[PDB]
Number of protein chains: 2
Amino acid sequence: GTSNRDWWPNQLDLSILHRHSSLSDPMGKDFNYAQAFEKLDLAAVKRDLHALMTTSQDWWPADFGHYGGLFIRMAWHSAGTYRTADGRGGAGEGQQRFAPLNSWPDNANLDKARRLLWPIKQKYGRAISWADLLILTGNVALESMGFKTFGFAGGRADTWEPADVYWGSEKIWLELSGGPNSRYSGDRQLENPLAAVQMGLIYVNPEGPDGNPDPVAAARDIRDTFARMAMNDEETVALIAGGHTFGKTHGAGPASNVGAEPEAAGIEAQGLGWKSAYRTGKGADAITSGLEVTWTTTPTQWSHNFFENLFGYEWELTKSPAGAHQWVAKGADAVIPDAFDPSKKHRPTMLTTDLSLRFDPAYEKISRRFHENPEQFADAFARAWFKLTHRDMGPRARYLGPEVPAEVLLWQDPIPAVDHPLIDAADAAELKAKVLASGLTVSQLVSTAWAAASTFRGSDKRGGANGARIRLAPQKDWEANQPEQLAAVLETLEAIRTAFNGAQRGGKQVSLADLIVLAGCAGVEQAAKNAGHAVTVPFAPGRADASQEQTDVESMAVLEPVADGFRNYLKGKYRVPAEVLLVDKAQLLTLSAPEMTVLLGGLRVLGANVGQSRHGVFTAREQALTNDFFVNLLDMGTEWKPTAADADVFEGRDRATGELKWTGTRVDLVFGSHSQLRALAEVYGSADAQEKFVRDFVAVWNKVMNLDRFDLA
Amino acid sequence: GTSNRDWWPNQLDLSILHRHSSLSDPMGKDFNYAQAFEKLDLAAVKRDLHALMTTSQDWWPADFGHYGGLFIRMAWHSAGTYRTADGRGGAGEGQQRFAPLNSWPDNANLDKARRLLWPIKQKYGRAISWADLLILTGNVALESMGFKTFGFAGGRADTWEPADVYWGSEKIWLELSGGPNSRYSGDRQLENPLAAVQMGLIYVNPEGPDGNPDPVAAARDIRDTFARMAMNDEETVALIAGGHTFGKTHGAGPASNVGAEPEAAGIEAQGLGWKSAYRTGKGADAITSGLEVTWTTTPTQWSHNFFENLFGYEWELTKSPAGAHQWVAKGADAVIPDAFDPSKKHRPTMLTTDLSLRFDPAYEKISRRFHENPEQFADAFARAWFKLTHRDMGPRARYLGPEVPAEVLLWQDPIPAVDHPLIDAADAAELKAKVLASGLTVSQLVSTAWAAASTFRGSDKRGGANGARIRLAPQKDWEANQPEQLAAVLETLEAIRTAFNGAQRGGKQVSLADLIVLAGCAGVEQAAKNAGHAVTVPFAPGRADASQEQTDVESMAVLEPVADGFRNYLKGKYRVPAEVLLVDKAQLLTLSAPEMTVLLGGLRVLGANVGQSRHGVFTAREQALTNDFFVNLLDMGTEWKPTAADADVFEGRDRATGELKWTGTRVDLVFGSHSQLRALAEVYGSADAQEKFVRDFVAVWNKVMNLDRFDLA
Ligand code: HEM
Ligand code: HEM
Ligand SMILES: [Cl-]
Ligand SMILES: [Cl-]
Ligand code: NA
Ligand code: NA
C-alpha cells in the first residue's frame with residue numbers, strides 16, 4: 001500500500017512526537033514502575049540469574065557450560081548504542097528487544113540470550129523491566145565469574161514500541177564507507193550524531209576499518225566511536241580488555257549458512273533469527289560474527305590473562321573458518337580450552353581491534369599499566385562498566401534499589417542535596433513581585449528561564465534548569481544563551497536572592513536555580529497581564545545549585561543548542577532543514593505537536609528570539625501573551641516570498657499593496673505550510689482561542705520547567 | 001534516514017492502532033464537539049456562507065461571480081472517497097485537509113476552496129468542525145443557487161492527523177490499469193476495498209476508461225464505482241446530472257503549466273498548490289482537470305438544462321485546450337455564458353461520463369424520466385445528496401442541530417425508538433441466571449454475542465449489536481456466524497425473552513438485542529467462575545430490535561466478516577496475509593494493540609473459534625477465563641513448524657520429545673513472532689498477570705458490546 005512517506009519522502013514526520021501514547025502501553029494509566037521495582041526481591045532475582053548461568057538449554061548450548069560471556073555481550077550491546085550527540089540509544093528503554101536493534105547484525109544471537117531470560121522475566125513480572133533485567137543479568141554474569149561490580153540501579157521502565165532513532169542513511173546492512181549514503185566525509189569524519197562506523201554495528205568493525213586488518217588504523221576508529229559514546233582512552237581500554245576477559249566469538253563455518261535476522265524470519269521462528277544450516281547450527285557449530293577467537297585460558301573466570309596474552313605473544317594474521325581476518329599467537333602452545341570438547345585446546349587468538357590496545361601508542365601505555373597493575377584494571381573496568389550501563393539513566397534521584405553506589409561521579413552532572421526549608425507560596429509571590437520591580441523585562445525573564453530549562457533531553461535525561469549550570473562554564477558562554485545579556489540578568493537575580501536569603505529565619509533559603517525558573521514564571525504572568533489576563537503560573541521549588549568543580553565542562557558541550565527553533569536560532573548552515581531540527585528538539589523536550597506549536601507561537605511574541613530578531617515576531621504588542629503569531633500567520637491577506645539575499649528568510653507583504661508587514665524563517669512559516677501543523681495553528685488562531693492559548697501556553701511552559709524534576713516524580 | 005519500514009517492508013504495521021491519540025489532539029481530553037456544535041448559531045454561519053458565495057478574492061477569482069460550483073465540487077469530493085467495503089473514506093473526519101487527499105489530482109484547486117472558508121472557520125472556532133463546514137458549505141452553495149436541500153446534520157468531529165487508509169498500491173499518480181500494481185484483474189474487476197479506477201481519482205476518469213472516450217464503457221466504470229460507494233442507478237444519475245447542473249471545468253491551457261501539489265510545494269505557498277504558469281494562473285486562465293466544459297446556460301442557477309442539452313443535441317468528439325477528450329454539440333449556437341467575459345458565449349459541451357447517462361441503456365431510461373419529470377429529478381438529487389454527505393455518520397443518534405430530516409431512511413440502518421421501561425439490575429441478574437440455567441454453554445454465549453457486536457466498524461459507524469440484526473437476513477446465514485449453532489442459541493434466548501416479558505407489568509420488556517449481549521456477559525461471568533474468579537461484567541440496557549423491512553439486505557452484505565482473526569476465521573485464501581487482516585479488523589473495532597491482544601487470547605480459551613477449531617486453543621481448561629493462551633504460546637519448550645499440507649497452519653511440538661502439543665494459524669502465532677505483539681503477550685503471560693488479564697478482558701469485552709451505543713453517548 002502506497003503511504004504519504006512514499007509520495008512526499010521529504011515531508012516532515014510528526015509521528016515521532018506522538019509515540020509512547022497510553023494507547024500502546026499495556027500497563028494501566030496508574031502503573032508506576034518505580035513503586036513495583038521497590039518491592040522486587042532483588043536478591044532472589046539475582047540468585048535465579050546466578051543459577052541460570054550454568055543451566056544450559058539444548059536449543060542454545062552454553063559455551064564452557066556457562067552463559068556469562070554471552071550475557072555480558074548482551075548487556076554491553078544494550079548500553080552500547082548510546083551516542084552523546086543527542087543522548088539517543090543506550091540501555092535505558094530496553095530497545096534491544098524491538099526493531100531495528102533486535103535485528104542488527106552486531107546483535108546476532110542476542111535473541112537467544114534474551115529468550116533464556118524469559119523464565120525469570122515471567123516469574124517476576126512487572127516488578128522488573130526488561131530494560132533493567134538486561135543490565136542486571138550482565139552484572140550477575142560478572143559477579144558469578146569472580147568480578148566485583150561497582151553497583152547497580154534499577155528504574156529503567158520498559159517501553160512498548162520502537163523508538164525513532166536516526167541510525168544512518170545506508171540502505172544496506174554493514175555497507176562499507178564511501179557509498180551513495182556514506183556516513184563519512186573528509187579525512188574519515190563520521191557524521192553527527194552517529195557513533196558507529198557501519199550500519200548495524202555497535203562501535204567498530206572487528207576486522208579493521210572497512211575490513212582492513214590494521215590495528216593502528218582500527219584504533220583511530222575505536223577512539224572516535226568510543227568518545228562519541230562518552231568514553232575516554234582509559235575507559236575504552238578498560239572496557240574492551242575487561243569484556244574480552246570472558247567468553248569467545250563464534251565463526252565455525254561460512255556465514256552463508258546463516259538465515260534471516262529476527263524481523264525477516266518466518267512466523268514459526270517465534271521471534272528468533274539467524275538460524276544456521278551449518279552442522280548442528282548451535283553450540284560448537286555456532287556462527288555469530290564469523291570470527292573464531294577465544295581470548296583467555298579461563299573464559300569463565302575473571303583474570304588478567306587478556307593482557308598476559310596480548311603482551312606475551314607476537315601475533316600472526318590468519319582467517320577464521322568463515323573467512324574473517326583475525327590473529328593467532330606465534331609459536332604458542334595449545335593452552336586455551338575448547339568450549340565443548342574437554343580433550344581439545346587451542347592457541348591464543350585476538351581480534352584486530354584487540355591488538356589496537358597494544359599497537360596504538362596511547363592505548364599501549366594504558367594497557368601496560370593495566371597489565372603490570374591488574375588491580376588498577378579491575379577498578380577501571382568496574383567504574384567504566386557502571387558508567388556504560390547507567391549513562392542514560394538521568395539524575396541520581398531516578399536510581400532505585402539496594403545496590404546503588406554511594407559515590408557521586410562527575411559524569412552524573414550531580415546536584416547537591418537540599419538541607420534547608422523551601423520557600424512557600426507566599427514567598428514565591430513575594431519573589432515574583434521583587435523580580436518584576438527590578439526592571440527586568442518579560443523578554444529577559446522568559447529568555448533566561450528558557451535558556452536554563454531547554455537543555456533537557458529525554459533521550460538520556462541530561463540537562464534542565466536544576467543545578468543552575470547556566471551561570472557556570474560552558475553554558476554561560478554559549479552563543480544561543482546571549483552571554484552579555486545573560487550575565488546582566490543573573491547579576492540582578494543574584495542580588496534579589498542575596499537580599500531575600502539575608503532576611504530569612506530558620507535556615508529558609510532560595511537557590512539560584514529555583515529563582516531563575518521563578519523569575520521566568522513572573523515574566524510569563526506579567527506577559528499575560530499585559531494582554532489583559534490574570535494567570536498564576538505553577539512553580540515547584542527544590543532545585544539546588546551545582547558548583548563549577550561538580551560540572552564537567554567537556555561533557556556539557558554536547559548539550560549546547562546549535563539549532564533551537566524555539567528561539568529562532570541556528571548556529572550555522574546544516575544539511576538538515578531547520579524545521580526538521582525543530583521537530584528533533586521538540587522530541588528531545590518530550591513535546592507533542594500541539595505543545596510544540598503553542599510553545600513556539602508564545603515564545604515568539606514574548607521576545608524569546610536570540611538577538612532580538614524580528615523573524616516570526618508577528619505582533620504589534622511584543623511582551624504580551626496573545627495568540628497574535630497564529631492570527632497573523634494564517635492571514636491570507638499576506639503573501640510570502642523568499643528573499644533574494646537568503647532563500648531561508650521570507651518576507652510577508654500585503655497582497656493588495658505590496659507593503660512589507662513581517663519577516664520569518666522556515667521554522668516560523670512551516671506552521672502555515674505543513675498540513676498537520678497548520679491545522680494546529682488554526683485552533684490557536686481562531687477567534688475563540690485566546691483563553692485556551694494562554695492556558696495551554698502556561699501548561700507547556702510549566703512542563704518544560706519541570707522536565708528534570710525527578711525529585712518530585 | 002533508513003526506517004524499519006525500509007528494512008522489513010512486509011512487517012505488520014501496528015501504529016495504525018495507536019493513531020488519533022490524545023497526544024496529537026490539540027483539544028482538551030474533556031472536549032466534546034457535540035456540545036460545542038449544539039451551541040453554534042448555525043443560522044449565522046449560513047448567512048456568512050451565503051455572503052461568501054459572491055465575495056470574489058483576487059487570488060482565485062470566482063467563475064460567473066459565484067463560488068457555488070467550486071464549493072459543490074469541494075463537498076462532493078469530501079464525501080466521494082467513501083467505500084462500502086470497509087466504510088473508510090467519506091466526509092465524516094474532514095480528511096480532505098490532510099495528506100494524501102489534500103493533494104490528490106482530483107482535488108486540485110480545492111485547496112483554494114478550503115482557504116476561502118478560513119475566515120468563517122476562524123470566526124466560529126471549535127463550535128464548527130472543518131468536517132461539518134465542508135458539507136454545510138456545499139449545502140449553502142446549492143441553496144444560494146436555487147436548490148432546496150433535504151436537510152443537514154452536524155456532528156462530524158475534526159481529526160488531527162492523516163488517517164491510515166489503503167488507497168491502492170500504485171506508485172505513480174493516475175496510473176492506467178495493467179501496471180505492476182494494477183488495481184484491476186480479470187474482466188475489469190476492481191480490487192476490494194477500492195472504489196476508484198485510478199490512484200488519485202474520486203470515482204472514474206472523465207475522459208473514459210483509461211482515457212478511452214467510450215461513453216458506454218465509461219458507464220460500466222461509473223456503475224461499479226458508484227455501487228462501491230453505496231449508490232444505485234437512480235442515485236447515480238441524480239447525483240451526476242445534479243452536480244453538473246452547476247459550474248464548469250477548468251482546462252484553459254496545457255497541464256504542464258501546473259506546478260507542485262500542496263504536499264510538494266514550497267513553504268512560501270503556505271499550504272496551497274498547483275500554481276500555474278499559464279497566463280494569470282487563475283480565473284479565466286484556470287487549469288484544474290484539463291477539460292473545458294460548461295454544462296448549462298445558467299451555471300449559477302438550478303435549472304433543467306442539463307438533460308435538455310444532453311438529449312437535445314448530437315455530440316462530437318473534440319479536445320480541450322489542454323488536450324483532453326470531451327464532447328461538443330453538433331450545429332449548436334453559442335448559448336453557454338463565459339465565466340469572465342460578457343461578450344463571449346460557447347457551444348454546449350459534455351464529458352464522456354456525462355454522455356454515459358444517455359448512452360448506457362439503463363441510465364438512459366432514468367435520464368429520460370428525469371428530463372420528462374423534473375420534479376422527480378429534483379427530489380432524487382436532494383435525497384441522494386443528503387445520503388452522499390451523511391453516509392458515514394452512523395446512527396441517527398449522532399445527528400445534530402436544527403436541520404436534521406425527520407424522515408427515517410432505510411440506508412441509515414434504523415433502530416426503533418424505545419418506548420417502555422428498561423430492565424434494571426435485578427432483572428439483569430434474573431435473566432443471566434435463566435440463561436445459565438438453560439444449558440447454553442460459555443462457548444455458545446460468547447460466540448453469539450461476539451458475532452452480534454463485532455460487525456461494528458468505526459470507519460462509518462455501521463454495525464454492532466443494537467438492532468438484533470443477527471437474527472435477520474443476511475447476518476443469520478453468514479458462515480462466520482455458524483448459522484445452525486446460532487439458530488439454536490437464538491431459539492433458547494427468544495424463549496427466555498418471551499417468558500420474561502410475559503411476566504412483566506407496567507410495560508417493561510427486554511429486547512432480543514439486549515438479551516443477546518446480556519447472555520454474552522453471563523457467559524464471560526461463568527467462564528471467570530470456572531477459573532476461580534468472582535467477576536461482574538458491566539451491561540447497559542437500551543438496545544432495540546429492528547425489523548427485516550428496516551434492514552436492507554444488500555447493503556448489509558459489506559459487513560460480512562470474511563476474515564475475523566478473533567474467531568480464527570478466514571472465508572477463503574487472500575493475497576493479504578491473515579495477521580494484516582487481523583490488524584485491519586482491530587482498527588475497525590477501534591482497538592489498541594494491547595486491547596486486540598487481550599481480547600484474542602481470551603476469546604481463544606472461551607471457545608469462540610468458528611467450527612470449534614482447536615487452532616490457538618492453548619489451554620487444557622477450555623471455557624475458563626485464564627491467561628493460558630499467553631503462557632503456553634510463549635513456552636520455549638515448544639517448537640513450531642508449518643505443516644506440509646498447509647503452510648498457513650503450524651504445529652507446536654515438545655522440543656525434547658517431538659510430541660504434538662498444539663496447532664495454530666498465522667493469527668495465533670503472530671503474537672509470538674512480531675516483536676511488539678510478543679512484548680504485549682509477555683505482560684499477560686507473566687506469573688503476576690492472571691487478575692490483570694481477567695480485568696482487562698472484561699473491559700475490552702464491554703467496550704466491544706457498547707461500540708454502537710451512541711444513544712448513551
Ligand atoms: C572495539 C570494541 C569491540 C569490538 C570490535 C568487539 C567485537 C566482538 C566480537 C566480534 C565478538 C564476537 C561475537 C560472536 O561471534 O559471538 C565479541 C564478543 C564479546 N565481547 Fe566484544 N567487542 C568490543 C568491545 C566489547 C566491550 C566493551 C565489551 C564489554 C565490556 C565486550 C564484551 C564481549 C564479550 C563478553 C564477548 C563474548 C560473547 C560470548 O562469550 O558469547 N566487548 N566482541
Ligand atoms: C462520474 C462522476 C463524475 C465525474 C467523472 C466528474 C468529473 C468532474 C470534472 C472533471 C470536473 C472538472 C474539475 C475542474 O476542471 O474544475 C467536475 C466539476 C464539477 N462536478 Fe463533477 N464529476 C462527477 C460527478 C459529480 C458529482 C456526483 C457531483 C455532485 C453532486 C459533481 C459536481 C461537480 C461540480 C459542481 C463541478 C464544477 C466545479 C466548478 O464549478 O468549479 N460532479 N466534475
Ligand atoms: Cl533510544
Ligand atoms: Cl477515512
Ligand atoms: Na537514550
Ligand atoms: Na469513513
# chains A, B, ... in the order shown; residues from 1 in each chain; ligands from 1
call {"tool": "interface_residues", "arguments": {"of": "chain A", "to": "chain B", "cutoff": "6 Å", "atoms": "only C-alpha atoms", "output": "number ranges by chain"}}
result
A: 1-2, 18, 23, 26, 98, 122-123, 125, 166, 168-169, 267-268, 270-271, 592, 594, 640-641, 672-673, 675, 686-688
call {"tool": "write_last_selection", "arguments": {"atoms": "N, CA, C and O atoms", "output": "compact mmCIF listing (two decimals), in the first residue's frame"}}
result
# COMPACT_ATOMS: atom_id res chain seq x y z
N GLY A 1 0.88 -1.22 0.00
CA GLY A 1 0.00 0.00 0.00
C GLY A 1 0.89 1.24 0.00
O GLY A 1 1.83 1.34 0.80
N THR A 2 0.66 2.19 -0.89
CA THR A 2 1.44 3.38 -1.00
C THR A 2 1.10 4.30 0.16
O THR A 2 -0.10 4.50 0.42
N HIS A 18 4.40 11.69 18.73
CA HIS A 18 3.17 11.15 19.29
C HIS A 18 3.34 9.66 19.61
O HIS A 18 2.34 8.96 19.72
N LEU A 23 -2.16 4.54 24.49
CA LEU A 23 -2.81 3.55 23.67
C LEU A 23 -1.95 2.26 23.51
O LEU A 23 -2.48 1.18 23.57
N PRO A 26 0.45 -1.47 27.61
CA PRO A 26 -0.44 -2.42 28.23
C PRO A 26 -0.63 -2.21 29.69
O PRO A 26 -1.54 -2.81 30.29
N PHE A 98 13.24 -4.57 20.39
CA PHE A 98 12.35 -4.10 19.27
C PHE A 98 13.28 -3.84 18.06
O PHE A 98 14.49 -3.83 18.11
N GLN A 122 9.19 -13.81 33.34
CA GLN A 122 7.85 -14.32 33.57
C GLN A 122 7.57 -14.48 35.06
O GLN A 122 6.51 -14.10 35.56
N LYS A 123 8.55 -14.96 35.81
CA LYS A 123 8.37 -15.20 37.23
C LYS A 123 8.16 -13.89 38.00
O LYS A 123 7.35 -13.85 38.92
N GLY A 125 7.59 -10.73 36.60
CA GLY A 125 6.59 -9.90 36.00
C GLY A 125 6.86 -8.42 35.98
O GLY A 125 7.97 -7.99 35.67
N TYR A 166 17.56 8.03 14.34
CA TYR A 166 18.39 8.10 13.10
C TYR A 166 19.64 7.30 13.36
O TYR A 166 20.47 7.69 14.13
N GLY A 168 21.50 6.31 10.64
CA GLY A 168 22.23 6.43 9.38
C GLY A 168 21.27 6.33 8.17
O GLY A 168 20.06 6.04 8.32
N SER A 169 21.83 6.62 7.00
CA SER A 169 21.05 6.66 5.74
C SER A 169 21.34 5.52 4.81
O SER A 169 20.70 5.41 3.71
N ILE A 267 7.29 -16.73 10.70
CA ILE A 267 6.47 -16.68 11.89
C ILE A 267 6.76 -17.84 12.83
O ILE A 267 6.78 -17.66 14.06
N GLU A 268 7.16 -18.99 12.31
CA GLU A 268 7.44 -20.14 13.11
C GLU A 268 8.67 -20.01 13.96
O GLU A 268 8.80 -20.71 14.93
N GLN A 270 9.25 -17.69 15.89
CA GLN A 270 8.76 -17.12 17.15
C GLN A 270 9.71 -16.11 17.78
O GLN A 270 10.09 -16.19 18.96
N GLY A 271 10.13 -15.20 16.96
CA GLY A 271 10.88 -14.08 17.37
C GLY A 271 12.41 -14.24 17.39
O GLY A 271 13.12 -13.26 17.71
N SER A 592 4.60 17.09 22.43
CA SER A 592 3.75 16.72 21.31
C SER A 592 3.69 17.83 20.25
O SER A 592 4.14 18.92 20.52
N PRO A 594 0.96 19.54 19.26
CA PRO A 594 0.26 20.69 19.87
C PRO A 594 1.08 21.48 20.83
O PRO A 594 0.99 22.74 20.85
N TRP A 640 3.75 35.56 0.97
CA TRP A 640 5.10 35.32 1.41
C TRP A 640 6.04 34.89 0.29
O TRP A 640 5.61 34.09 -0.59
N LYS A 641 7.25 35.43 0.28
CA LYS A 641 8.28 35.08 -0.70
C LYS A 641 9.64 35.05 -0.11
O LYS A 641 9.92 35.86 0.74
N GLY A 672 2.41 27.46 8.76
CA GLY A 672 1.40 27.78 7.78
C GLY A 672 1.50 26.97 6.54
O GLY A 672 0.76 27.24 5.55
N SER A 673 2.42 26.01 6.52
CA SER A 673 2.67 25.24 5.28
C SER A 673 2.33 23.73 5.46
O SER A 673 1.53 23.20 4.70
N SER A 675 0.57 20.51 6.49
CA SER A 675 -0.85 20.41 6.66
C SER A 675 -1.31 20.03 8.05
O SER A 675 -2.42 20.48 8.50
N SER A 686 -7.95 30.96 16.07
CA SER A 686 -9.37 31.17 15.94
C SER A 686 -9.85 32.25 16.89
O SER A 686 -9.17 32.51 17.95
N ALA A 687 -11.02 32.77 16.67
CA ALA A 687 -11.48 33.94 17.42
C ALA A 687 -11.82 33.53 18.86
O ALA A 687 -11.92 34.42 19.73
N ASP A 688 -12.13 32.27 19.12
CA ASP A 688 -12.49 31.78 20.43
C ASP A 688 -11.32 31.25 21.27
O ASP A 688 -11.59 30.56 22.26
call {"tool": "select_by_dssp", "arguments": {"residues": "region 29-223 of chain A", "states": "strand (DSSP E or B)", "output": "ChimeraX atom specification"}}
result
/A:154,184-185,189-190
call {"tool": "write_last_selection", "arguments": {"atoms": "C-alpha atoms", "output": "PDB file, in the first residue's frame"}}
result
ATOM      1  CA  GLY A 154      17.053  -0.186  38.773  1.00  0.00           C
ATOM      2  CA  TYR A 184      31.985   9.501   6.386  1.00  0.00           C
ATOM      3  CA  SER A 185      33.344  12.573   4.617  1.00  0.00           C
ATOM      4  CA  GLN A 189      34.970  12.319   9.715  1.00  0.00           C
ATOM      5  CA  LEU A 190      31.944  10.490  10.985  1.00  0.00           C
TER       6      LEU A 190
END
call {"tool": "residues_near_ligand", "arguments": {"ligand": "ligand 6", "cutoff": "12 Å", "atoms": "only C-alpha atoms and all ligand atoms", "output": "VMD selection string"}}
result
chain B and resid 78 to 96 131 156 159 163 to 165 229 389 to 394 457 to 462 587 to 588
call {"tool": "write_last_selection", "arguments": {"atoms": "N, CA and C atoms", "output": "short mmCIF file (atom, residue, chain, number, x, y, z; two decimals), in the first residue's frame"}}
result
data_model
loop_
_atom_site.label_atom_id
_atom_site.label_comp_id
_atom_site.auth_asym_id
_atom_site.auth_seq_id
_atom_site.Cartn_x
_atom_site.Cartn_y
_atom_site.Cartn_z
N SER B 78 -15.25 15.72 -0.76
CA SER B 78 -15.09 15.37 0.64
C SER B 78 -15.76 14.04 0.90
N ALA B 79 -17.03 13.92 0.49
CA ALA B 79 -17.79 12.73 0.69
C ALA B 79 -17.45 11.58 -0.24
N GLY B 80 -16.90 11.90 -1.41
CA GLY B 80 -16.80 10.95 -2.53
C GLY B 80 -15.71 9.90 -2.38
N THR B 81 -14.88 9.98 -1.32
CA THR B 81 -13.85 8.99 -1.18
C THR B 81 -14.37 7.71 -0.48
N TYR B 82 -15.60 7.76 -0.05
CA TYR B 82 -16.21 6.66 0.77
C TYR B 82 -16.21 5.33 0.02
N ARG B 83 -15.97 4.23 0.69
CA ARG B 83 -16.05 2.90 0.08
C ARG B 83 -16.90 2.05 1.01
N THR B 84 -17.90 1.35 0.51
CA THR B 84 -18.73 0.48 1.38
C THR B 84 -17.98 -0.76 1.84
N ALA B 85 -16.90 -1.18 1.15
CA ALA B 85 -16.19 -2.40 1.52
C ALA B 85 -15.68 -2.34 2.96
N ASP B 86 -15.10 -1.20 3.36
CA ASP B 86 -14.59 -1.06 4.70
C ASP B 86 -15.12 0.12 5.48
N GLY B 87 -15.96 0.92 4.79
CA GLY B 87 -16.52 2.14 5.40
C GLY B 87 -15.53 3.31 5.51
N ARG B 88 -14.30 3.10 4.98
CA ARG B 88 -13.29 4.12 5.08
C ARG B 88 -13.56 5.21 4.03
N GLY B 89 -12.89 6.30 4.25
CA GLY B 89 -13.15 7.46 3.34
C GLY B 89 -14.46 8.15 3.76
N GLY B 90 -14.93 9.10 2.93
CA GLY B 90 -16.05 9.93 3.33
C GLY B 90 -15.68 11.24 4.00
N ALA B 91 -16.73 11.99 4.28
CA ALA B 91 -16.58 13.38 4.74
C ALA B 91 -16.46 13.47 6.23
N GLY B 92 -16.78 12.39 6.93
CA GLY B 92 -17.03 12.39 8.37
C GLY B 92 -15.88 12.75 9.28
N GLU B 93 -14.63 12.79 8.75
CA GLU B 93 -13.48 13.18 9.58
C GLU B 93 -12.76 14.39 9.04
N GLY B 94 -13.27 14.97 8.01
CA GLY B 94 -12.57 16.13 7.39
C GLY B 94 -11.23 15.87 6.84
N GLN B 95 -11.01 14.64 6.35
CA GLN B 95 -9.68 14.27 5.98
C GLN B 95 -9.18 14.92 4.65
N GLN B 96 -10.08 15.63 3.91
CA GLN B 96 -9.67 16.29 2.71
C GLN B 96 -8.56 17.31 3.02
N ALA B 131 -14.90 19.43 9.18
CA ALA B 131 -15.64 18.36 8.52
C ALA B 131 -17.09 18.73 8.30
N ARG B 156 -19.79 15.84 12.83
CA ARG B 156 -18.56 15.32 12.34
C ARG B 156 -17.44 15.96 13.12
N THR B 159 -10.58 15.60 13.01
CA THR B 159 -9.41 14.82 13.31
C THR B 159 -8.19 15.61 13.05
N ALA B 163 -5.33 9.75 8.24
CA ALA B 163 -5.92 8.51 8.60
C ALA B 163 -5.05 7.43 7.86
N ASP B 164 -5.16 6.24 8.26
CA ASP B 164 -4.33 5.15 7.55
C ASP B 164 -5.25 4.39 6.66
N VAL B 165 -5.34 4.89 5.42
CA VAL B 165 -6.30 4.23 4.54
C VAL B 165 -5.47 3.59 3.41
N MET B 229 -19.65 2.86 -3.63
CA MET B 229 -19.89 3.97 -2.74
C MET B 229 -21.36 4.05 -2.23
N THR B 389 -23.58 12.81 1.59
CA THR B 389 -22.88 13.59 2.53
C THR B 389 -23.05 13.19 3.98
N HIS B 390 -23.92 12.21 4.26
CA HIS B 390 -24.19 11.72 5.59
C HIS B 390 -23.92 10.19 5.71
N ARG B 391 -23.46 9.56 4.66
CA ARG B 391 -23.41 8.04 4.60
C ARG B 391 -22.54 7.45 5.66
N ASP B 392 -21.52 8.14 6.12
CA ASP B 392 -20.61 7.70 7.11
C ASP B 392 -20.81 8.25 8.48
N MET B 393 -21.94 8.88 8.77
CA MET B 393 -22.18 9.49 10.05
C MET B 393 -22.70 8.51 11.15
N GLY B 394 -23.15 7.39 10.74
CA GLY B 394 -23.63 6.39 11.64
C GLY B 394 -25.08 6.52 12.06
N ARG B 457 -18.06 -1.18 12.72
CA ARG B 457 -16.81 -0.63 12.19
C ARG B 457 -16.86 0.91 12.44
N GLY B 458 -15.79 1.43 13.07
CA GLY B 458 -15.74 2.81 13.36
C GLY B 458 -15.45 3.75 12.17
N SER B 459 -15.15 3.23 11.03
CA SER B 459 -14.95 3.98 9.83
C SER B 459 -16.22 4.72 9.38
N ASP B 460 -17.35 4.02 9.33
CA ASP B 460 -18.65 4.58 9.01
C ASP B 460 -19.67 4.38 10.05
N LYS B 461 -19.31 3.83 11.21
CA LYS B 461 -20.14 3.63 12.33
C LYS B 461 -21.36 2.77 12.05
N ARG B 462 -21.24 1.87 11.08
CA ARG B 462 -22.26 0.86 10.87
C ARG B 462 -21.98 -0.38 11.68
N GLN B 587 -8.58 -2.32 13.87
CA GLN B 587 -8.73 -0.87 13.65
C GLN B 587 -10.19 -0.51 13.49
N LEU B 588 -10.90 -1.31 12.76
CA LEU B 588 -12.36 -1.11 12.62
C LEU B 588 -13.12 -1.20 13.91
#
call {"tool": "residues_around", "arguments": {"residues": "residue 420 (chain A)", "least_positions_apart": "5", "cutoff": "10 Å", "atoms": "only C-alpha atoms", "output": "JSON, numbers by chain"}}
result
{"A": [506, 507, 508, 509, 510, 542]}
call {"tool": "write_last_selection", "arguments": {"atoms": "C-alpha atoms", "output": "mmCIF file, in the first residue's frame"}}
result
data_model
loop_
_atom_site.group_PDB
_atom_site.id
_atom_site.type_symbol
_atom_site.label_atom_id
_atom_site.label_comp_id
_atom_site.auth_asym_id
_atom_site.auth_seq_id
_atom_site.Cartn_x
_atom_site.Cartn_y
_atom_site.Cartn_z
ATOM 1 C CA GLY A 506 15.108 29.234 60.317
ATOM 2 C CA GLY A 507 17.523 28.490 57.585
ATOM 3 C CA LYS A 508 14.977 29.004 54.736
ATOM 4 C CA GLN A 509 16.698 29.991 51.548
ATOM 5 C CA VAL A 510 16.095 30.007 47.822
ATOM 6 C CA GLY A 542 13.528 22.368 45.405
#
call {"tool": "closest_residue", "arguments": {"among": "A:66, A:16, A:387, A:54", "to": "ligand 3", "atoms": "only C-alpha atoms and all ligand atoms"}}
result
A:16
call {"tool": "atom_distance", "arguments": {"atom1": "CA of residue 305 (chain A)", "atom2": "CA of residue 349 (chain A)"}}
result
12.1 Å
call {"tool": "closest_atom_pairs", "arguments": {"of": "chain B", "to": "ligand 2", "cutoff": "6 Å", "atoms": "only C-alpha atoms and all ligand atoms", "output": "CSV"}}
result
residue,atom,partner,partner_atom_place_in_ligand_line,distance
B:69,CA,ligand 2,40 (O),3.5
B:70,CA,ligand 2,41 (O),3.5
B:72,CA,ligand 2,35 (C),4.7
B:73,CA,ligand 2,34 (C),4.4
B:76,CA,ligand 2,29 (C),5.1
B:204,CA,ligand 2,5 (C),5.2
B:205,CA,ligand 2,5 (C),5.5
B:206,CA,ligand 2,5 (C),4.0
B:222,CA,ligand 2,1 (C),5.6
B:239,CA,ligand 2,27 (C),4.4
B:240,CA,ligand 2,27 (C),4.3
B:242,CA,ligand 2,30 (C),5.7
B:243,CA,ligand 2,29 (C),3.7
B:244,CA,ligand 2,33 (C),5.3
B:246,CA,ligand 2,35 (C),5.0
B:247,CA,ligand 2,40 (O),3.3
B:248,CA,ligand 2,40 (O),4.1
B:249,CA,ligand 2,15 (O),3.6
B:250,CA,ligand 2,15 (O),3.7
B:288,CA,ligand 2,15 (O),4.1
B:289,CA,ligand 2,15 (O),3.7
B:290,CA,ligand 2,15 (O),5.8
B:291,CA,ligand 2,15 (O),5.7
B:353,CA,ligand 2,1 (C),5.6
call {"tool": "closest_residue", "arguments": {"among": "B:416, B:520, B:565, B:467", "to": "residue 609 (chain B)", "atoms": "only C-alpha atoms"}}
result
B:565
